[PDB]
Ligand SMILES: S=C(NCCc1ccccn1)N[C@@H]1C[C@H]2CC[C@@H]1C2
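Let's start with one chain on its own, the form solved without the named molecule, as structure tokens.
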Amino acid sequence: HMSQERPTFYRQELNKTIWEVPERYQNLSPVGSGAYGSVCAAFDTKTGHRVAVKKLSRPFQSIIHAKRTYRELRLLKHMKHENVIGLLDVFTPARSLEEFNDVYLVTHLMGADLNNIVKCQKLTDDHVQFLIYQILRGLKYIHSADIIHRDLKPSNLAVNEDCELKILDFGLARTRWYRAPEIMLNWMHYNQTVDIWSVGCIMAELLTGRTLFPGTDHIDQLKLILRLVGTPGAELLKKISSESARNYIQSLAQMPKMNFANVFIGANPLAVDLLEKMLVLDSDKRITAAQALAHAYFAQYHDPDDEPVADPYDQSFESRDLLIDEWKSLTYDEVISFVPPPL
């Protein structure tokens, strides 16, 4: 009832598997295979843009896969922000639930990540302000829906030639250089300020040209971090659930927080000030995305009337205990109820 007219599909075998996509999508080219899916770049003849087309690999083989597929579709359908990956399209060749086995997601093509940009030029302080501004603007939006990215790092940030940025590749599970210490060692539950830690690690590296904490294992990584931000105080130790983790931390030679200005000489002092506020060991005391947008570092870009929040995002589905075919059916409904973006 009032369902979209079914496009004409065509089938091609690209590498391992049969791709069946609307004729709208042309000149498909493999861009590599992940654990959960395979990705091609394509020309979207409807919008005139190159896009990423992800074919999920057997999304309904198990509860874990079926729910993961549902999770991803619910998340991409919710997120509508200039600095965040959006769902351009989702389709199946299936004409019914009985024949529904394959899910294709169409999203912003990764033309260049933040590493490609660093590779080919020296960013100005203005480039760094604008890049970090857009990350924080996207994070204000997702955090306002109680979405946590969980895996912010340069390879998950798309950047175009206008230095416009999008947050890509959200963590869908229920290099560590950019991970908050409290999650790297499982000290406590994910809060959204794990993302703020990641932005701090990214900004430091864009300012200096050097990875901030390029540790080789969890221990080496944690010692590099604690050398800069100081060993946990008694107040933080109370909030760590594991006795073993608490015992391990107490085993460490107490270290003072370093003076950041001496680690970042010649950087804009407002940038260093913001870095201080992002890289606080106690996740409760880190600046939030919204606060960070008001920092004087971003005075040139900050507009409180154009830093929007999201609709609330209902994640109560996470506690549902359902059959493969029930997750599959919910996923199918979300394919059916998909409204493409305007224009």
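We call the rigid core whatever largest set of C-alpha positions still superposes within 1.5 Å between the two forms. Numbering starts at 1 and follows the sequence shown. Only residues modelled in both forms are compared.
Another form exists, deposited with the named molecule bound; not displayed. Remarks below refer to it.
Visitor: Report open or blocked for the site once the named molecule, placed as found in the deposited complex, has been superimposed by the C-alphas surrounding the pocket (blocked: 3 or more ligand atoms within 2.4 Å of a backbone or C-beta atom; open: none).
Guide: Judged against the named molecule in the deposited complex, the pocket is blocked.
Visitor: Tell me, yes or no, whether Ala112 is in contact with the named molecule in the deposited complex, where a contact means a heavy atom of each within 4.5 Å.
Guide: Yes, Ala112 sits close enough to the named molecule in the deposited complex that at least one of its heavy atoms falls within 4.5 Å.
Visitor: When the contact criterion is heavy atoms within 4.5 Å, does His108 count as touching the named molecule in the deposited complex?
Guide: Looking in the deposited complex, residue contacts with the named molecule include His108, since a heavy atom lies within 4.5 Å.
Visitor: Is the gap between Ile85 and the named molecule in the deposited complex 4.5 Å or less for some heavy atom pair?
Guide: Close contact exists here: in the deposited complex, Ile85 approaches the named molecule to within 4.5 Å, heavy atoms only.
Visitor: With the partner left out here, check for me: in the deposited complex, does some heavy atom of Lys54 sit within 4.5 Å of the named molecule?
Guide: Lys54 belongs to the contact set for the named molecule.
Visitor: Give, in sequence order, every residue of 284-320 that has a heavy atom within 4.5 Å of the named molecule in the deposited complex, or say none if there are no such residues.
Guide: Counting only heavy atoms within 4.5 Å of the named molecule in the deposited complex, no residue of 284-320 makes contact.
Visitor: Only one of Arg74, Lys153, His81, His108 crosses a C-alpha shift of 2 angstroms between the shown form and the other one, counting 2 angstroms or more, core aligned. Which residue?
Guide: With the rigid core superposed, the residue that stands out is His108.
Visitor: Where the Cα shift reaches 2 Å or more for at least three residues in a row, which ranges qualify between the shown form and the other one on a rigid core fit?
Guide: In sequence order there is one run that relocates between the shown form and the other one, which is 108-110.
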